[PDB]
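One chain comes next, on its own, written as structure tokens: the form deposited in one PDB entry.
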């Protein structure tokens, strides 16, 4: 997994230098300054770059696992990246490949973190300092639901460095991030002209750890990010996170679980969090599907309704 830092130095070497000298790592290739935020204009607010220790008393890299509940979009149009990350978290092992072991703020910590991305035919080590964009003592971009947790915020920073700025992450394709996390090639399915066995294709893809996404087509640039009356977002990358079934009126009903990378704002029809359908599903069956009422961005849908409401599904296999 190839060194890409301009020093030519390795993540462990640079880390070890800092520990010996007793300083924190400052990244010479992606500085904590305005050009790493935006290229098209300076920001209108006083951004202050801060290490996680300067943000909370007790920072932690991973806390309670690196999970999809840790992907909450900030003020950046990178729904496509984060949906890819949330999808990546369903495979512990595809995740360990993008996120090298034993990173923390405990012993060994020198202000330096590293992540692995697949670019162009290869696996790059991308090294960062943990100084993050803040405003009013808060992260502005990607944050975990738990404000003591920084792995998602750092991964996004590393990915922003990959693309030269945070602004370059505005608008993209889930496939781009999916490929960058896996080194696979993404297949696009088109929701209303999908094979007869489309459900089985997704079930089996999810089971072997493939990254699944889906989205609603936007007819015009005017329609981007429009909330439909059903509580869905147009032109917005969602993670497909579950494929399952329940008995309803004594029939098997094919369900699909979807996650908004915002971490909130959800479907409001059949099998949504507070819909009537659930009152006639018992507690065992319901605990198995992990159904709860929470505005966490994750909801179930009937696969039939999913196909009708969404327009595209992407599958990216691991290898």
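Positions refer to the first chain, counted from 1.
There is another form of the same protein, the form deposited in another entry; it is not shown, and what comes next is about it.
- Rigid-part assignment between the shown form and the other one: residue 25 and residue 167 end up in one part.
- Compared with the form shown here, the Cα atoms of residue 181 and residue 267 sit 3 Å or more farther apart in the other entry.
- In the other entry, the CA atoms of residue 164 and residue 236 draw together by 3 angstroms or more relative to this form.
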